[PDB]
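Visitor: This is the structure I want to talk about, given as structure tokens.
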Ligand SMILES: Nc1ncnc2c1ncn2[C@@H]1O[C@H](COP(=O)(O)OP(=O)(O)OP(=O)(O)O)[C@@H](O)[C@H]1O
Ligand SMILES: [Mg+2]
Ligand SMILES: [Zn+2]
């Protein structure tokens, strides 16, 4: 009996994430859908490389929304450019819902699995993935006839509990019962990350600018005054030195206050700013005439 | 061809419109900082909302109606004050050109 | 050259066909029945959906601009909240149920003692409605309405049907205690549709009994 081991990882390329999230956020109020291009290289990993967006239709996210003529023409056109990949699966956004599958999504994944029994389905929520966290969970239908054996039919491995823990938000909608998650792994390599780091890279001009001296002096004076008040507080606290269980005194007055947190951390920032400014100024007086 | 040209341009405008999405009409009630506002939807909760870059900070005074995006929850453009014959006082009565 | 024009016609015909199929497959159903409150200029309308939520539209959508008017009841998408198709009014069916033409014929012989009041109503309506040419010639503006104030049982409803009886008209009765509906924006729609219907028909009278139901 063939089985999808939990060590099977669906490889998503760097381009795939940016384009899939872009498609999700472009048609965010509705549920967008599209077809993912990839290769079933082996049993224990499913690699997707590129993806193209299925045009939005009033049906929503269903097998009807898949337009045969559009996908056929797109596949033929992409074949000439140097992308002879095979239909590897489908993705659809779940705005604010989370990472799970509806009954209609269940049937849609079933229809995809008819062509190939590793047709993965992934979900991308553009709203929850608003920061460094990207909520994207891949799913493949588990056959309802496999209840006699163990669901998640995996075999010798150790990566079932790693990289994720089955979410409560998705467990109640059916996990390890009708569909099971697949560990997500992103194929990022050099010559791709380096191009991506240019999002916020500054330039040669940055690092030599002297900021503005008027507001630099204003900020320095403000930080010095706040340090003077904090030093008054430090003097009071230290000179208090109350000895009725001083260890408990240090734990009954923890509210992110005077002693050290609003201490040298502020000295840290002012000293960093001052040394950086002075070093930059000296470097400019050296280089520029 | 010409009539087809006009109606096809109109149909393409309609096709572009189909992608366009709505904004919740909201009202600014406070300005915490120069990127922070307290906008209340017409019938909805209050959200801490930012402003689009191509928008003047000053114009969004307390009481300025706005139409923020309903996914990112960020102001996109100002709207003038709502007008309706909902006034409960006699001001809307015209004395008559006598 | 005529074959070139024919080829351009066929090409733009299939282009029209594909854009029309895209529009049709993006129309679908259902539509959120929404009431357009107003139309701001700076091709964008402020819609208040039936879900008691307002949604500004950057573009009007699959309709034409000057067709939409403040107060038009249209159908919009449930998610994108964009105008898809204008919904015909047809004055509902309840509004057309109030044009009752089985007037029980309160002839002025069936109302006694209320003689000067009958003549005052016939000076305020009927002749303004029937013999209007002299009314325009004089310059006497006929009052558009009359308020029937009196102690209960005086016969205000009776004389209303009376002057609806012997003076023809359609008698679009719009009694006040009817004009209170727990559905939001139904009574107001009822009044506006009643007046629009009165505009549609022949000379008629809009009659509202027990105005206190909305007149408080
Ligand atoms: N002047 C009148 N001549 C003949 N019948 C009358 C007269 N005034 C009242 N009636 C009769 O008395 C009853 C009063 O009902 P009606 O609704 O017509 O009066 P109303 O003063 O408008 O009532 P309400 O204020 O309670 O709505 C009716 O049955 C009507 O026929
Ligand atoms: Mg009465
Ligand atoms: Zn879905």
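Quick note: numbers on chain C are straight from Swiss-Prot, i.e. 58-99, 120-293, in order.
Even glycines carry a Cβ here, placed using N, Cα and C.
According to Swiss-Prot:
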type    : residues                                               : note
BINDING : C:227, C:228, C:229, C:230, C:231, C:232, C:233, C:234 : ATP binding site
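Could you place these features in context, so I can see how deep they sit and what lies close by?
Guide: Listed in sequence order, there are no same-chain residues at least 6 apart in sequence whose CB falls under 8 Å from the CB of residue C:231 (ATP binding site). According to DSSP, residue C:231 (ATP binding site) is assigned to coil rather than to any helix or strand.
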Visitor: Enter the number of other CB atoms within 10 angstroms of the CB of residue C:233 (ATP binding site).
Guide: 19
Visitor: Cβ within 8 Å of the ATP site's Cβ centroid: which residues qualify beyond C:227, C:228, C:229, C:230, C:231, C:232, C:233, C:234?
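Guide: Close Cβ neighbours, site residues excluded: C:225, C:235.
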Visitor: Can you give me the same-chain residues 6 or more apart in sequence from residue C:232 (ATP binding site) with a CB-CB distance under 8 Å?
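Guide: Looking at Cβ-Cβ distances below 8 Å from residue C:232 (ATP binding site), excluding near sequence neighbours, one finds C:188, C:191.
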Visitor: What is the number of other Cβ atoms found within 10 Å of the Cβ of residue C:228 (ATP binding site)?
Guide: 6
